[PDB]
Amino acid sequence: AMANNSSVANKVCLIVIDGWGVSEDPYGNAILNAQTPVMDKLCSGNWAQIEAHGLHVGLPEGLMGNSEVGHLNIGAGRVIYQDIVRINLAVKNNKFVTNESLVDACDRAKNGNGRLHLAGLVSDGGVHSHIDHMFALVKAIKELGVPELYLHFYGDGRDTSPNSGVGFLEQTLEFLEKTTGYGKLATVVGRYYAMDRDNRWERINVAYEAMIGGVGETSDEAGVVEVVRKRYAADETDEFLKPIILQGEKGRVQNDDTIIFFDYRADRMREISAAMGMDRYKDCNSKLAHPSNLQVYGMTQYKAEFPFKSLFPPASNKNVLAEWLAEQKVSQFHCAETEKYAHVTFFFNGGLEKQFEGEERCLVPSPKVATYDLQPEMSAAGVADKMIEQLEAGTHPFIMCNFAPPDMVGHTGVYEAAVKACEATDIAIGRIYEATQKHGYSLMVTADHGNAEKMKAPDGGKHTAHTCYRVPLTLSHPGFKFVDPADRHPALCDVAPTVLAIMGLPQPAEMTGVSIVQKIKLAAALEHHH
């Protein structure tokens, strides 16, 4: 309990069904075909259908939802923009020129020796980086007036074809010469060397020595494409390119220089960046002197333990629903079975390991079976038992749980097991609903993304993946009606603001989602007057 528990206007029970989407196609639809009398009634009359995939949840367009992004967005009451989407918006809206950390790096060079370096994976792969981002960084660095800029090009061939690097190289040389007339290519080396993530420091050292000491094959703008073509003819592809060195000593990373890595994926940037900006140069075991007084920037955070500034640091995610309730001195209960326990804690609470004051947690063991189609009800009954006990106690004005079966059995692709998974989930929901009506809670049921509504591909084969269908949002309180947002479809970012509105609690400014309910009285005044 917490001091302000009695300030709530309505106690809310939020059920997050995992992998339960809304689809009218009955073919392979384990939810429609399953016996689901409870959800058939809850998903009738006053209910909503909200988006849980793609840009609606901060993911690239067309990408299916998932449990991590879904519980994050439900908990946060805002769209958390995934790195790719976030950076692409910045490029589209010319925001690099005013990026705080980019301006910082350019100010360091300008107030210092004038020298700045860009290093990363140069291709349109989009897994670790994108060449478009590197081009946008060059244009912004130029506009910001940095005296000297050098590019260290890491060859891909893994996220793109093994002989595409020559094209990205040609694109880059022409961009630097004709488009910007500013910036110089200094190194080409394959990601096998620059981007190791297995502590093979002898590979990092090849990239390190190329960048620091120009250890590699000397070439120039006129000759470098031909060098690469000769490498290709010798079966040395992009991923494995041995270093090519341009600009001589001036293009090396020297004392007092500043360096930006443009990859947004951290795992393969940790080693080279720590070699440059911390003490792991020792691990490279090189005879070359390490340059003094370097400053390293990353496109994103590579490790919290690193001193590096980031162009796009993590969303602060202040005042997610779980933090906000605690700040309002309202207690709460989060319950899941083992397979989804992280989702109702780490992910729901904002994507970090933090338990807020007044937050009580409950883990129900998942069944110990080889695969979950062998016990499709999983432990949904136990989760409902624990929620029902909290409803009877009345201690917590906000309680929430996850039901795992639809998602976890959905992944087995076994249609008949998925049907039973949904039947057991519906039974559990019904038991919670009856308890909320007995004990004075409002019930809201939603999901984190779809899965079980699509168990068959069109050819009749198994479908084991999440989906892009909408998810339900239900509400048992008859004093409210659902209303969609003005300018977009409702989405998972609208769940937490809606909870707060029903609970009669303030909404923090950090929640940029909107409540998608309206009190009937207020709707009635709006009708008769407008």
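In this text, the rigid core denotes the largest set of C-alpha atoms whose superposition between the two forms falls within 1.5 Å. Sequential numbering from 1, following the sequence displayed.
Between 360 to 368 and 136 to 144, the larger root mean square Cα shift in 5 other deposited structures of this protein, once each structure is superposed on the rigid core, falls on 136 to 144. Where the structures in 5 other deposited structures of this protein are fitted on the rigid core, 268 to 276 is the one of 415 to 423 and 268 to 276 whose C-alphas sit farther from the shown form on average. Taking the PDB entry as given, 93 to 101 carries the higher mean Cα B factor of the two stretches 93 to 101 and 392 to 400. Here 447 to 455 and 432 to 440 are compared by their mean Cα B-factor, and 432 to 440 comes out higher.
Of the candidates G58, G65, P490, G28, the deposited coordinates give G28 the top C-alpha B factor. When the C-alpha B-factors of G382, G351, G120, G126 are ranked from the entry, the top spot goes to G382. When the modelled residues of the chain are ordered by their C-alpha B factor, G461 lands in the highest third. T474: CA B factor lies in the middle third for its chain, per the PDB record. In the deposited entry, the Cα temperature factor of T467 places it in the middle third of its chain's modelled residues.
When the CA B factors of the chain's modelled residues are split into thirds, the value for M511 lands in the lowest one. When all modelled residues of the chain are sorted by CA temperature factor, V12 is found within the middle third.
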